DNA sequence: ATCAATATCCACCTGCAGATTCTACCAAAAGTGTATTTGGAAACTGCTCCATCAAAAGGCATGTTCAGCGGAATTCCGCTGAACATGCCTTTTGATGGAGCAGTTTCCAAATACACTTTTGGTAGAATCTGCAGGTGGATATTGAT
DNA sequence: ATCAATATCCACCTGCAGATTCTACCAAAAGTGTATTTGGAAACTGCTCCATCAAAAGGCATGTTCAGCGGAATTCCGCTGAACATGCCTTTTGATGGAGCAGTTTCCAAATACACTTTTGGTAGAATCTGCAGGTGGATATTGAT
Ligand SMILES: NC(=O)COCCOCC(N)=O
Ligand SMILES: [Cl-]
Ligand SMILES: [Cl-]
Ligand SMILES: [Cl-]
Ligand SMILES: [Cl-]
Ligand SMILES: [Mn+2]
Ligand SMILES: [Mn+2]
Ligand SMILES: [Mn+2]
Ligand SMILES: [Mn+2]
Ligand SMILES: [Mn+2]
Ligand SMILES: [Mn+2]
Ligand SMILES: [Mn+2]
Ligand SMILES: [Mn+2]
Ligand SMILES: [Mn+2]
Ligand SMILES: [Mn+2]
Ligand SMILES: [Mn+2]
Ligand SMILES: [Mn+2]
Ligand SMILES: [Mn+2]
Ligand SMILES: [Mn+2]
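Protein chains in written order, with UniProt numbering: chain Z, 29 to 126; chain G, 26 to 126; chain R, 14 to 120; chain P, 13 to 119; chain C, 39 to 136; chain A, 38 to 136; chain H, 36 to 116; chain L, 29 to 116.
Given below as structure tokens:
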């Protein structure tokens with residue numbers, strides 16, 4: 029009769045992406061844990077690099093621009109190209125809307 | 026006057042490094058290039074210890090970096106004998122500081 | 014009434030959550046509005062890239078469920094992902110079949 | 013009415029006040045305890061003392077009165093723990109430790 | 039009177055284990071080893087089962103990758119047999135000995 | 038009747054000489070052009086602080102010297118005293134720069 | 036008897052080598068391997084224990100290990116992060 | 029626009045055989061194969077391309093046109109090759 | 001080349017651990033409007049230092065000759081690991097108390113941002129000082145031919 | 001094992017760049033005191049899931065035989081080190097235009113903390129459903145002896 033504090037994870041969001049890429053494909057529990065680790069890992073690396081970028085340039089704010097440069101610093105060629113395009117597209121749609 | 030321009034001052038650990046140098050080797054000097062290396066060393070270790078302390082606090086869901094986080098960070102970062110001595114100097118400094126106000 | 018930032022950006026990944034994680038993670042004093050959106054998009058895209066390749070590996074093995082093994086095959090067989098995860102161990106992933114030619118039976 | 017530096021109170025040469033401030037601007041955490049910067053300044057001061065002790069000795073060994081990068085490198089690389097602490101660090105103008113593999117020697 | 043020549047079964051084993059993902063060291067012995075080593079750092083410790091497994095996954099992945107490097111060193115010296123000096127060279131270049 | 042040191046003697050002398058000093062071993066101007074040429078291919082119209090070029094040279098030489106130490110070890114491992122491309126290739130592969 | 040480190044048997048070490056693509060193994064490899072594994076475990080466990088003590092626990096958790104592996108440059112996926 | 033900045037080309041050859049010999053000597057090398065020089069040039073080119081790419085990325089992010097010693101130092105740190113002696 | 005012993009494959013089958021589906025619960029979180037605050041772009045511009053042409057010159061790269069001896073191909077044999085069958089003892093598996101990892105609530109020692117007040121670490125300037133780089137040469141090794 | 005061609009050691013000597021010395025001034029910073037706020041140590045403790053024990057499971061320790069790998073011994077081609085002549089281009093000492101990095105101040109687009117309110121996202125006890133690991137059968141490829 030306690031509670032068991034909520035332990036967040038990207039599991040549900042990863043699953044949605046899975047269905048968009050392979051509608052008829054499942055994923056085991058262990059595999060999903062691996063994907064959660066992956067998402068957390070990339071988040072930390074990108075955010076950390078963006079953090080250093082802001083600091084190096086004596087800025088108190090982490091903007092889409094730091095995330096972008098961070099992406100170019102961290103991801104390999106083609107991967108960086110697409111990540112940047114996806115990032116820019118998402119911000120546009122977000123800005124260009126309400 | 027005129028349109029002077031206060032070149033923003035750049036801080037360094039130089040004067041403090043100098044003081045420690047004389048304590049250990051009273052008659053030994055240090056070139057500017059070596060001092061730049063020493064300044065890089067202190068900043069590097071500062072960043073590493075602070076970074077380890079930061080993650081450590083986060084891992085334990087704490088929002089405060091205390092001497093206890095610094096101590097654990099020092100043990101994780103420093104090899105054997107250096108850690109042991111760093112911990113003593115650190116502990117001693119804190120215990121002394123807290124008996125002074 | 015209110016609309017999730019994710020929906021506005023047209024993403025599956027939680028922009029609101031990413032935003033929250035950015036500050037609590039102590040990355041900077043302030044966080045621009047577009048930062049969490051851009052970041053969520055990058056995370057979603059990378060997620061899609063690996064699941065895409067992992068799904069294919071599963072299909073190639075005549076399976077419908079992606080397991081660790083499939084994530085490893087997808088990553089290690091992809092030059093860029095392999096590089097990105099060059100210092101990561103995927104539990105229960107095994108390794109790629111590979112035998113140095115000089116070890117093979119005599120022609 | 014007697015304002016003593018936190019360093020003096022702590023019996024240190026390194027700047028506690030500066031260290032406290034750097035910890036804040038570095039955004040390492042939301043909050044910083046009072047003993048944190050004292051402990052950290054002590055450790056930085058101790059490590060400096062350790063490397064300067066060894067570098068000064070290297071300088072004396074080479075009949076020099078002024079410590080140069082070469083002396084800092086000689087001190088770090090000849091010391092097991094400092095060498096490990098700085099295993100991925102390059103000291104400019106430090107050169108390397110004299111070391112010729114046995115098999116390369118004559119006769 | 040069947041008998042496979044030296045190397046045939048070895049080759050067969052390489053293909054088998056490179057196809058599977060299961061742990062190769064037995065659990066119990068590994069767990070005792072882990073507990074014994076930890077005892078030197080802190081007495082009366084307990085381990086979550088997942089902690090030991092994580093330790094075993096990382097240890098085997100490390101040893102498997104080291105064996106690959108070790109094999110490259112043996113082959114470099116024109117041998118097909120790995121020796122201690124091969125493991126030593128590999129670790130030195132990786133900077134684990136260095 | 039002329040004097041001549043045996044092959045390897047001067048080489049050993051050079052090792053001792055260079056392991057004792059710390060000066061950069063690559064000509065400065067040529068290195069600077071290399072840096073400017075490479076940078077230019079990435080982005081045109083770039084300028085360089087003189088210390089940026091020196092930092093690149095100190096880092097580049099330290100990287101190469103340490104790589105030659107590893108390479109020498111691979112050659113010695115194969116019972117040779119002469120370093121060859123494959124020694125460099127093995128060293129970089131084990132270091133994880135290549136594979 | 037047979038003390039712990041020896042528990043890591045010859046057949047086990049051979050299986051690891053096989054997965055690593057090794058065809059022939061010298062008799063001296065087995066002891067060399069155990070020594071190497073011991074060093075690996077000591078390094079990782081020492082750090083995992085340090086995280087455990089810092090959290091004031093008596094139980095080493097998977098996360099303690101994951102964090103230890105990560106600072107050692109050996110990130111592991113599948114156990115929390 | 030200002031004038032002529034002579035086309036930069038083939039500067040990798042500026043890394044001469046004697047220079048490579050010297051580096052190998054500091055590295056404890058006693059004998060060197062004739063093919064080492066080109067192999068070494070290729071390795072240095074990769075090393076420099078990687079560091080310079082990151083350093084320039086820092087430059088552009090800061091909206092500068094001048095690569096600073098700090099841009100290089102930060103780039104080296106990123107790649108696990110921390111350099112002491114040039115700030116930071 | 002010809003059997004003969006084994007391993008390897010593939011199509012098929014089905015038990016079941018683990019993934020999917022349903023239901024009720026609810027605290028943790030995220031969206032937006034309002035008020036208050038400010039980081040950092042914008043515009044003007046001081047001034048550091050980067051690109052560069054200038055010129056003399058010797059440190060050092062280039063290109064060649066010559067042959068010492070290292071790399072590598074070959075032969076070969078002692079021996080050390082691979083393959084294999086035998087019998088057993090260690091690991092695996094499932095059941096079970098209870099040690100602590102946590103969920104919950106309490107409440108004070110301690111972490112600030114702001115206003116003051118002040119000591120000091122930085123720095124621009126020129127002005128005397130000094131450790132040692134580098135040239136010289138004479139005394140002591142190190143080499144290599146005989 | 002004596003000898004000569006050379007490199008190496010080295011304490012003495014000194015021009016000079018780098019280091020040290022100060023007068024000067026000063027804006028950026030840090031220290032004690034409220035006054036306000038709260039993170040997280042602390043005490044209590046429910047509920048996992050960890051250590052442990054016994055029975056069922058099945059991998060491994062062990063000695064023999066010998067295939068074939070590793071490395072010693074020998075051979076010699078030709079590559080690479082040493083030495084040398086020639087002269088080029090890097091290095092050094094200087095100076096200048098001015099690109100562009102950076103100091104200073106005006107100011108608004110944008111960011112932040114509640115307070116109020118909504119619907120998710122995560123947890124959990126219950127029943128139901130399935131992808132696929134092994135298990136079997138028969139065919140056939142692989143390996144190895146002759
Ligand atoms: N919602 C806000 O912006 C209020 O922040 C100010 C509270 O901090 C204490 C103080 N003296 O500033
Ligand atoms: Cl503290
Ligand atoms: Cl933004
Ligand atoms: Cl060996
Ligand atoms: Cl080669
Ligand atoms: Mn070009
Ligand atoms: Mn401002
Ligand atoms: Mn020429
Ligand atoms: Mn030979
Ligand atoms: Mn044997
Ligand atoms: Mn209890
Ligand atoms: Mn002063
Ligand atoms: Mn000298
Ligand atoms: Mn609280
Ligand atoms: Mn052989
Ligand atoms: Mn301009
Ligand atoms: Mn829901
Ligand atoms: Mn099957
Ligand atoms: Mn059958």
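By construction, the Cβ of each residue, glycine as well, lies at the ideal position given by its N, Cα and C atoms.
With DSSP as the reference, identify every bridge partner of residue i, one or two as the case may be.
{"i": "residue 95(G)", "result": "None; residue 95(G) has no bridge partner."}
{"i": "residue 112(L)", "result": "103(P)"}
{"i": "residue 85(A)", "result": "95(L)"}
{"i": "residue 119(A)", "result": "59(L)"}
{"i": "residue 54(Z)", "result": "78(R)"}
Measure how close the beta-carbons of residue i and residue j come, nearest whole angstrom, since I'm counting them as under 8 angstroms.
{"i": "residue 81(R)", "j": "residue 32(Z)", "result": "With 8 angstroms as the limit, residue 81(R) and residue 32(Z) do not qualify as a contact, their Cβ atoms being about 27 angstroms apart."}
{"i": "residue 100(G)", "j": "residue 112(G)", "result": "7 angstroms"}
{"i": "residue 91(G)", "j": "residue 45(P)", "result": "4 angstroms"}
{"i": "residue 70(G)", "j": "residue 59(P)", "result": "6 angstroms"}
{"i": "residue 119(C)", "j": "residue 128(C)", "result": "The Cβ separation is near 15 angstroms, so there is no contact."}
{"i": "residue 89(C)", "j": "residue 102(R)", "result": "15 angstroms between Cβ atoms; not a contact."}
{"i": "residue 71(P)", "j": "residue 78(P)", "result": "7 angstroms"}
What three-state label does DSSP hand residue i in the structure shown?
{"i": "residue 45(P)", "result": "coil"}
{"i": "residue 89(G)", "result": "strand"}
{"i": "residue 135(A)", "result": "coil"}
{"i": "residue 37(P)", "result": "helix"}
{"i": "residue 46(L)", "result": "helix"}
{"i": "residue 75(A)", "result": "helix"}
{"i": "residue 42(C)", "result": "coil"}
{"i": "residue 59(A)", "result": "coil"}
{"i": "residue 116(G)", "result": "helix"}
{"i": "residue 90(P)", "result": "coil"}
{"i": "residue 37(G)", "result": "coil"}
*Which residues are close to ligand 5, meaning CB closer than 5 angstroms to any heavy atom, in chain order?*
121(A), 122(A) and 123(A)
_Along the region 102-113 of chain H, where does the CB come closer than 8 angstroms to a CB of chain G? Name the residues._
102 and 106
*Contact set between the region 26-48 of chain P and chain R, restricted to residues whose Cβ is under 8 angstroms from the partner*: 39, 40, 41 and 42
*Given a limit of 9 angstroms on CB to CB distance, which residues of the region 70-104 of chain P reach chain L?*
81, 84, 98, 100, 101, 102, 103 and 104
*asked:* Using a Cβ-Cβ cutoff of 8 angstroms, what residues of the region 36-57 of chain Z are near chain R? List them in chain order.
replied: Cβ contacts with chain R: 36, 38, 41, 42, 44, 45, 46, 48, 49, 50, 52, 53, 54, 55 and 56.
*Could you list the residues in the region 107-118 of chain R with a C-beta less than 8 angstroms from some C-beta on chain Z, going in chain order?*
none
*Output the residues surrounding ligand 6, defined as those with a CB atom closer than 7 angstroms to any ligand heavy atom, in chain order.*
74(A), 77(A), 78(A), 36(L) and 37(L)
*Given a limit of 7 angstroms on CB to CB distance, which residues of the region 82-101 of chain A reach chain P?*
95, 96 and 99
*Could you run through the region 49-80 of chain A and flag, in chain order, every residue whose CB is less than 9 angstroms away from some CB of chain P?*
49, 52, 53, 55, 56, 57, 58, 59, 60 and 61
*With 7 angstroms as the C-beta to C-beta threshold (strictly closer), list the residues of the region 105-123 of chain A near chain L in chain order.*
105, 106, 109, 118, 119, 120, 121 and 122
*asked:* So if I measure from each beta-carbon to every heavy atom of ligand 2 and keep distances below 5 angstroms, which residues remain?
replied: 91(G), 92(G), 45(P), 47(P) and 48(P)
*Could you name the residues of the region 50-61 of chain H whose beta carbon sits closer than 9 angstroms to any beta carbon of chain R, in the order they occur along the chain?*
54, 55, 56, 57, 58 and 59
*asked:* Tell me which residues of the region 85-106 of chain G have at least one Cβ-Cβ distance to chain H shorter than 7 angstroms, keeping chain order.
replied: 85, 97, 100 and 101
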